[PDB]
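This document opens with one chain alone, in C-alpha coordinates, the form deposited in one PDB entry.
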(Lines give C-alpha, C1' and ligand atoms only; values in the text may rest on other atoms or scores of the structure.)
Protein backbone atom coordinates (compact mmCIF):
# COMPACT_ATOMS: atom_id res chain seq x y z
CA UNK A 1 0.00 0.00 0.00
CA UNK A 2 3.10 2.25 0.11
CA UNK A 3 3.83 5.28 -2.08
CA UNK A 4 6.19 5.32 -5.07
CA UNK A 5 8.33 8.52 -5.21
CA UNK A 6 7.06 10.92 -7.91
CA UNK A 7 10.24 12.97 -8.48
CA UNK A 8 13.40 11.80 -10.27
CA UNK A 9 15.61 11.91 -13.38
CA UNK A 10 13.08 9.56 -15.00
CA UNK A 11 9.32 9.26 -14.67
CA UNK A 12 8.08 6.44 -12.46
CA UNK A 13 5.82 3.73 -13.94
CA UNK A 14 8.48 2.31 -16.35
CA UNK A 15 11.29 0.57 -14.39
CA UNK A 16 9.01 0.54 -11.28
CA UNK A 17 7.69 -2.89 -10.15
CA UNK A 18 4.55 -3.69 -12.15
CA UNK A 19 1.34 -2.87 -10.23
CA UNK A 20 -1.81 -5.03 -10.36
CA UNK A 21 -4.13 -2.63 -12.24
CA UNK A 22 -4.00 -0.26 -15.22
CA UNK A 23 -6.10 2.67 -16.38
CA UNK A 24 -4.70 4.14 -19.63
CA UNK A 25 -6.18 7.26 -21.23
CA UNK A 26 -5.36 8.99 -24.50
CA UNK A 27 -6.37 12.66 -24.83
CA UNK A 28 -6.73 15.13 -27.70
CA UNK A 29 -5.91 18.83 -27.19
CA UNK A 30 -8.72 21.34 -27.93
CA UNK A 31 -6.98 24.70 -27.15
CA UNK A 32 -4.70 26.62 -29.56
CA UNK A 33 -3.28 28.80 -26.76
CA UNK A 34 0.24 27.72 -25.82
CA UNK A 35 0.18 29.59 -22.47
CA UNK A 36 -3.13 27.91 -21.51
CA UNK A 37 -1.63 24.49 -22.27
CA UNK A 38 1.47 25.20 -20.19
CA UNK A 39 -0.78 26.27 -17.31
CA UNK A 40 -2.59 22.90 -17.58
CA UNK A 41 0.68 20.92 -17.45
CA UNK A 42 1.62 22.76 -14.23
CA UNK A 43 -1.80 22.18 -12.64
CA UNK A 44 -1.70 18.48 -13.62
CA UNK A 45 1.80 18.14 -12.09
CA UNK A 46 0.55 19.67 -8.80
CA UNK A 47 -2.39 17.25 -8.78
CA UNK A 48 -0.10 14.29 -9.53
CA UNK A 49 2.09 15.11 -6.46
CA UNK A 50 -1.05 14.90 -4.25
CA UNK A 51 -2.58 11.78 -5.86
CA UNK A 52 0.65 9.70 -5.78
CA UNK A 53 0.94 10.46 -2.02
CA UNK A 54 -2.67 9.45 -1.26
CA UNK A 55 -3.87 13.06 -0.71
CA UNK A 56 -6.92 14.74 -2.32
CA UNK A 57 -6.35 17.36 -5.05
CA UNK A 58 -6.67 21.10 -4.47
CA UNK A 59 -8.52 22.03 -1.28
CA UNK A 60 -9.95 18.52 -0.67
CA UNK A 61 -13.08 16.40 -1.09
CA UNK A 62 -15.29 18.08 1.54
CA UNK A 63 -15.39 20.90 4.11
CA UNK A 64 -15.26 23.77 1.61
CA UNK A 65 -18.02 26.23 0.71
CA UNK A 66 -21.39 24.35 0.53
CA UNK A 67 -22.32 26.12 -2.73
CA UNK A 68 -19.18 25.07 -4.64
CA UNK A 69 -18.35 21.69 -6.26
CA UNK A 70 -15.60 19.89 -4.31
CA UNK A 71 -12.06 20.12 -5.70
CA UNK A 72 -11.61 16.33 -5.37
CA UNK A 73 -14.39 13.91 -6.41
CA UNK A 74 -13.94 11.98 -3.14
CA UNK A 75 -14.06 8.23 -4.05
CA UNK A 76 -10.45 7.62 -2.92
CA UNK A 77 -11.03 9.04 0.59
CA UNK A 78 -9.54 6.74 3.24
CA UNK A 79 -7.47 4.66 0.74
CA UNK A 80 -3.67 4.21 0.75
CA UNK A 81 -1.50 5.44 -2.19
CA UNK A 82 -1.48 1.80 -3.41
CA UNK A 83 1.76 2.27 -5.41
CA UNK A 84 0.05 4.72 -7.80
CA UNK A 85 2.28 5.93 -10.66
CA UNK A 86 1.26 8.53 -13.28
CA UNK A 87 3.30 8.60 -16.53
CA UNK A 88 2.66 11.22 -19.28
CA UNK A 89 3.51 10.95 -22.98
CA UNK A 90 3.20 13.15 -26.08
CA UNK A 91 1.93 11.82 -29.43
CA UNK A 92 3.26 12.80 -32.91
CA UNK A 93 0.07 14.83 -33.57
CA UNK A 94 0.88 17.22 -30.68
CA UNK A 95 3.85 18.60 -32.64
CA UNK A 96 1.58 20.18 -35.30
CA UNK A 97 0.53 22.70 -32.60
CA UNK A 98 2.04 25.51 -30.51
CA UNK A 99 5.01 25.95 -32.89
CA UNK A 100 6.51 22.57 -31.91
CA UNK A 101 7.08 21.18 -35.45
CA UNK A 102 10.92 21.29 -35.43
CA UNK A 103 11.10 19.66 -31.97
CA UNK A 104 9.45 16.32 -32.94
CA UNK A 105 12.09 13.64 -32.15
CA UNK A 106 13.36 11.44 -34.99
CA UNK A 107 13.05 8.47 -32.60
CA UNK A 108 9.27 9.10 -32.34
CA UNK A 109 8.62 7.20 -35.59
CA UNK A 110 5.26 6.46 -37.18
CA UNK A 111 4.80 2.70 -37.37
CA UNK A 112 4.57 1.00 -40.81
CA UNK A 113 1.60 -1.19 -41.68
CA UNK A 114 2.04 -4.79 -40.53
CA UNK A 115 0.40 -7.83 -42.18
CA UNK A 116 -2.78 -8.83 -40.33
CA UNK A 117 -3.37 -5.33 -38.78
CA UNK A 118 -7.05 -4.34 -38.38
CA UNK A 119 -6.71 -1.02 -36.54
CA UNK A 120 -9.76 0.87 -35.27
CA UNK A 121 -9.02 4.58 -35.92
CA UNK A 122 -11.20 5.58 -32.95
CA UNK A 123 -9.16 3.59 -30.42
CA UNK A 124 -5.81 4.58 -31.97
CA UNK A 125 -3.50 7.61 -31.80
CA UNK A 126 -3.90 10.57 -29.43
CA UNK A 127 -2.16 13.92 -28.80
CA UNK A 128 -1.08 12.72 -25.35
CA UNK A 129 -1.47 9.88 -22.85
CA UNK A 130 -1.60 9.26 -19.12
CA UNK A 131 -0.74 5.75 -17.86
CA UNK A 132 -2.13 5.24 -14.35
CA UNK A 133 -0.99 2.07 -12.59
CA UNK A 134 -1.88 1.07 -8.99
CA UNK A 135 -2.75 -2.01 -6.91
CA UNK A 136 -6.26 -0.66 -6.28
CA UNK A 137 -8.57 -0.05 -9.31
CA UNK A 138 -10.50 2.66 -7.47
CA UNK A 139 -7.29 4.68 -6.88
CA UNK A 140 -6.42 4.44 -10.61
CA UNK A 141 -9.93 5.49 -11.81
CA UNK A 142 -9.95 8.40 -9.32
CA UNK A 143 -6.61 9.71 -10.73
CA UNK A 144 -7.75 9.68 -14.39
CA UNK A 145 -11.18 11.16 -13.55
CA UNK A 146 -9.67 14.10 -11.60
CA UNK A 147 -7.03 14.86 -14.28
CA UNK A 148 -9.74 14.85 -16.96
CA UNK A 149 -11.93 17.16 -14.86
CA UNK A 150 -9.09 19.64 -14.28
CA UNK A 151 -8.39 19.69 -18.04
CA UNK A 152 -12.06 20.27 -19.05
CA UNK A 153 -12.12 22.77 -21.92
CA UNK A 154 -8.44 22.25 -22.87
CA UNK A 155 -8.31 18.47 -23.49
CA UNK A 156 -10.82 15.65 -24.11
CA UNK A 157 -10.51 11.89 -23.67
CA UNK A 158 -10.12 10.20 -27.06
CA UNK A 159 -10.09 6.55 -25.87
CA UNK A 160 -9.28 4.61 -22.70
CA UNK A 161 -8.29 1.06 -21.72
CA UNK A 162 -8.60 -0.69 -18.36
CA UNK A 163 -6.40 -3.68 -17.53
CA UNK A 164 -7.71 -6.01 -14.82
CA UNK A 165 -4.40 -7.87 -14.26
CA UNK A 166 -0.74 -7.55 -15.27
CA UNK A 167 0.98 -9.75 -17.89
CA UNK A 168 4.52 -8.38 -17.37
CA UNK A 169 7.43 -8.30 -14.87
CA UNK A 170 10.29 -5.90 -13.98
CA UNK A 171 11.04 -7.95 -10.80
CA UNK A 172 12.58 -11.36 -11.71
CA UNK A 173 12.73 -12.27 -7.99
CA UNK A 174 8.91 -12.45 -7.88
CA UNK A 175 6.46 -14.89 -9.50
CA UNK A 176 5.94 -14.23 -13.24
CA UNK A 177 2.20 -13.62 -14.07
CA UNK A 178 0.21 -15.52 -16.69
CA UNK A 179 -1.67 -14.14 -19.69
CA UNK A 180 -5.15 -15.40 -20.71
CA UNK A 181 -3.56 -18.05 -22.95
CA UNK A 182 -2.31 -19.65 -19.69
CA UNK A 183 1.43 -18.99 -20.25
CA UNK A 184 3.86 -17.02 -18.07
CA UNK A 185 4.63 -13.67 -19.66
CA UNK A 186 7.61 -11.54 -18.56
CA UNK A 187 10.39 -14.09 -17.81
CA UNK A 188 13.03 -12.48 -20.10
CA UNK A 189 12.40 -8.74 -19.75
CA UNK A 190 14.54 -5.92 -18.37
CA UNK A 191 14.57 -5.67 -14.56
CA UNK A 192 14.30 -2.40 -12.61
CA UNK A 193 17.66 -3.18 -10.96
CA UNK A 194 19.55 -3.59 -14.30
CA UNK A 195 20.85 -0.02 -14.60
CA UNK A 196 23.24 -0.71 -17.53
CA UNK A 197 20.56 -2.42 -19.66
CA UNK A 198 18.07 0.43 -19.00
CA UNK A 199 20.69 3.00 -20.13
CA UNK A 200 21.44 0.91 -23.24
CA UNK A 201 17.89 -0.03 -24.31
CA UNK A 202 15.27 2.20 -22.59
CA UNK A 203 16.44 5.73 -21.71
CA UNK A 204 17.05 8.37 -24.37
CA UNK A 205 20.51 9.99 -24.30
CA UNK A 206 21.75 13.47 -25.19
CA UNK A 207 23.86 12.19 -28.11
CA UNK A 208 20.80 10.50 -29.68
CA UNK A 209 19.96 13.91 -31.22
CA UNK A 210 17.03 15.41 -29.23
CA UNK A 211 18.24 17.27 -26.09
CA UNK A 212 14.79 17.85 -24.47
CA UNK A 213 14.18 14.05 -24.44
CA UNK A 214 17.36 13.17 -22.44
CA UNK A 215 16.21 10.81 -19.65
CA UNK A 216 12.87 10.08 -21.34
CA UNK A 217 11.72 7.00 -23.30
CA UNK A 218 9.44 6.02 -26.21
CA UNK A 219 6.19 4.05 -25.78
CA UNK A 220 4.34 1.76 -28.19
CA UNK A 221 0.83 0.66 -27.29
CA UNK A 222 -0.95 -2.18 -29.13
CA UNK A 223 -4.46 -3.43 -28.38
CA UNK A 224 -4.44 -7.14 -29.23
CA UNK A 225 -7.53 -9.38 -29.42
CA UNK A 226 -7.08 -13.10 -28.63
CA UNK A 227 -9.00 -15.81 -30.52
CA UNK A 228 -9.71 -17.86 -27.40
CA UNK A 229 -12.27 -20.24 -29.01
CA UNK A 230 -9.58 -21.27 -31.54
CA UNK A 231 -6.85 -21.48 -28.85
CA UNK A 232 -8.90 -23.55 -26.40
CA UNK A 233 -9.42 -26.40 -28.93
CA UNK A 234 -5.68 -26.60 -29.76
CA UNK A 235 -3.72 -29.54 -28.27
CA UNK A 236 -1.21 -29.02 -25.43
CA UNK A 237 1.64 -29.83 -27.85
CA UNK A 238 0.36 -27.24 -30.36
CA UNK A 239 0.23 -24.57 -27.63
CA UNK A 240 3.76 -25.32 -26.40
CA UNK A 241 5.16 -25.37 -29.97
CA UNK A 242 3.72 -21.92 -30.66
CA UNK A 243 5.84 -20.37 -27.89
CA UNK A 244 8.90 -22.62 -27.53
CA UNK A 245 8.33 -22.98 -23.75
CA UNK A 246 6.33 -25.59 -21.80
CA UNK A 247 3.03 -24.49 -20.20
CA UNK A 248 3.38 -25.73 -16.58
CA UNK A 249 6.86 -24.50 -15.63
CA UNK A 250 7.44 -22.07 -18.55
CA UNK A 251 10.92 -23.53 -19.19
CA UNK A 252 12.55 -23.37 -22.66
CA UNK A 253 11.83 -26.56 -24.67
CA UNK A 254 14.12 -29.34 -23.38
CA UNK A 255 15.04 -27.58 -20.09
CA UNK A 256 13.78 -27.97 -16.53
CA UNK A 257 13.35 -24.43 -15.10
CA UNK A 258 11.64 -21.17 -16.14
CA UNK A 259 14.79 -19.08 -15.91
CA UNK A 260 17.17 -21.49 -17.70
CA UNK A 261 18.47 -19.78 -20.88
CA UNK A 262 16.69 -20.63 -24.16
CA UNK A 263 18.44 -22.88 -26.66
CA UNK A 264 16.84 -21.44 -29.80
CA UNK A 265 17.74 -24.21 -32.27
CA UNK A 266 15.58 -26.71 -30.34
CA UNK A 267 12.49 -24.52 -30.99
CA UNK A 268 10.31 -24.60 -34.10
CA UNK A 269 11.52 -21.99 -36.65
CA UNK A 270 8.25 -20.02 -36.27
CA UNK A 271 8.14 -20.17 -32.44
CA UNK A 272 7.33 -16.86 -30.79
CA UNK A 273 10.30 -16.84 -28.38
CA UNK A 274 12.72 -17.75 -31.18
CA UNK A 275 11.54 -14.91 -33.48
CA UNK A 276 11.28 -12.34 -30.65
CA UNK A 277 14.64 -13.06 -28.93
CA UNK A 278 17.34 -10.29 -29.11
CA UNK A 279 19.79 -12.71 -30.78
CA UNK A 280 17.33 -13.05 -33.69
CA UNK A 281 17.02 -9.25 -34.05
CA UNK A 282 20.59 -7.86 -34.00
CA UNK A 283 20.40 -7.46 -30.20
CA UNK A 284 17.13 -5.40 -30.17
CA UNK A 285 15.67 -5.56 -26.63
CA UNK A 286 12.41 -4.10 -25.20
CA UNK A 287 10.91 -3.33 -21.80
CA UNK A 288 7.45 -4.97 -21.89
CA UNK A 289 4.85 -3.67 -19.43
CA UNK A 290 1.40 -4.86 -20.62
CA UNK A 291 -1.89 -5.94 -18.99
CA UNK A 292 -4.84 -8.32 -19.76
CA UNK A 293 -8.35 -7.05 -20.56
CA UNK A 294 -11.89 -8.35 -21.10
CA UNK A 295 -14.59 -6.03 -22.38
CA UNK A 296 -17.75 -8.12 -22.03
CA UNK A 297 -18.94 -10.57 -24.70
CA UNK A 298 -18.45 -10.41 -28.46
CA UNK A 299 -22.21 -10.69 -29.19
CA UNK A 300 -21.58 -14.21 -30.62
CA UNK A 301 -21.97 -16.20 -27.37
CA UNK A 302 -18.35 -15.91 -26.19
CA UNK A 303 -16.19 -13.95 -23.74
CA UNK A 304 -14.09 -11.19 -25.25
CA UNK A 305 -10.41 -11.29 -24.26
CA UNK A 306 -7.18 -9.55 -25.12
CA UNK A 307 -3.83 -8.15 -24.11
CA UNK A 308 -2.99 -4.43 -24.01
CA UNK A 309 0.66 -4.56 -25.06
CA UNK A 310 2.97 -1.75 -23.83
CA UNK A 311 6.67 -1.52 -24.74
CA UNK A 312 9.27 1.08 -23.72
CA UNK A 313 12.50 1.64 -25.65
CA UNK A 314 15.24 4.17 -26.44
CA UNK A 315 14.26 4.48 -30.13
CA UNK A 316 11.13 3.01 -31.79
CA UNK A 317 13.18 2.40 -34.98
CA UNK A 318 15.66 0.10 -33.18
CA UNK A 319 13.23 -1.50 -30.68
CA UNK A 320 9.59 -2.41 -31.45
CA UNK A 321 9.84 -2.00 -35.26
CA UNK A 322 12.56 -4.63 -36.04
CA UNK A 323 11.07 -7.12 -33.55
CA UNK A 324 7.44 -6.84 -34.87
CA UNK A 325 8.71 -7.15 -38.44
CA UNK A 326 10.44 -10.44 -37.50
CA UNK A 327 7.09 -11.65 -36.13
CA UNK A 328 5.58 -11.71 -39.67
CA UNK A 329 5.82 -15.58 -39.67
CA UNK A 330 5.05 -16.15 -35.95
CA UNK A 331 2.96 -19.22 -35.13
CA UNK A 332 1.11 -16.97 -32.63
CA UNK A 333 -0.44 -14.92 -35.49
CA UNK A 334 -3.06 -17.66 -35.94
CA UNK A 335 -4.54 -16.75 -32.55
CA UNK A 336 -4.27 -12.91 -32.25
CA UNK A 337 -5.18 -9.72 -34.11
CA UNK A 338 -3.85 -6.20 -33.53
CA UNK A 339 -6.85 -3.84 -33.43
CA UNK A 340 -5.47 -0.59 -31.93
CA UNK A 341 -2.13 1.30 -32.02
CA UNK A 342 -0.42 4.44 -30.64
CA UNK A 343 3.09 5.85 -30.12
CA UNK A 344 4.25 8.45 -27.56
CA UNK A 345 7.38 10.34 -26.49
CA UNK A 346 7.67 9.96 -22.71
CA UNK A 347 9.51 13.04 -21.36
CA UNK A 348 12.15 13.06 -18.60
CA UNK A 349 11.37 13.04 -14.91
CA UNK A 350 10.04 15.84 -12.74
CA UNK A 351 13.26 16.80 -10.93
CA UNK A 352 11.81 18.52 -7.86
CA UNK A 353 8.82 20.47 -6.50
CA UNK A 354 9.46 23.48 -8.74
CA UNK A 355 9.55 21.41 -11.96
CA UNK A 356 6.60 20.38 -14.19
CA UNK A 357 5.63 17.78 -16.82
CA UNK A 358 7.00 18.84 -20.24
CA UNK A 359 9.22 21.66 -18.92
CA UNK A 360 12.18 20.60 -21.11
CA UNK A 361 10.00 20.85 -24.27
CA UNK A 362 8.18 24.07 -23.41
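So that the term is clear: the rigid core is the largest set of C-alpha atoms that superpose within 1.5 Å between two forms. Only residues modelled in both forms are compared. Residue numbers count along the first chain shown, from 1.
This protein has a second form, the form deposited in another entry, left out of what is shown; the following refers to that one.
With the two forms fitted on their core, the C-alpha shifts between the shown form and the other one stay under 2 Å for all of 196, 173, 279, 110 except 173. After superposition on the rigid core, displacement of the C-alpha of residue 263 between the shown form and the other one stays below 2 Å. The pair residue 208 and residue 168 is at least 3 angstroms farther apart at the CA level in the other form than in the present model. Relative to this form, residue 170 and residue 137 approach one another in the other form, with their C-alpha atoms ending up at least 3 Å closer.
Shifted stretches between the shown form and the other one, defined as 3+ consecutive common residues each with a CA displacement of 2 angstroms or more after rigid core fitting, are limited to 164-173.
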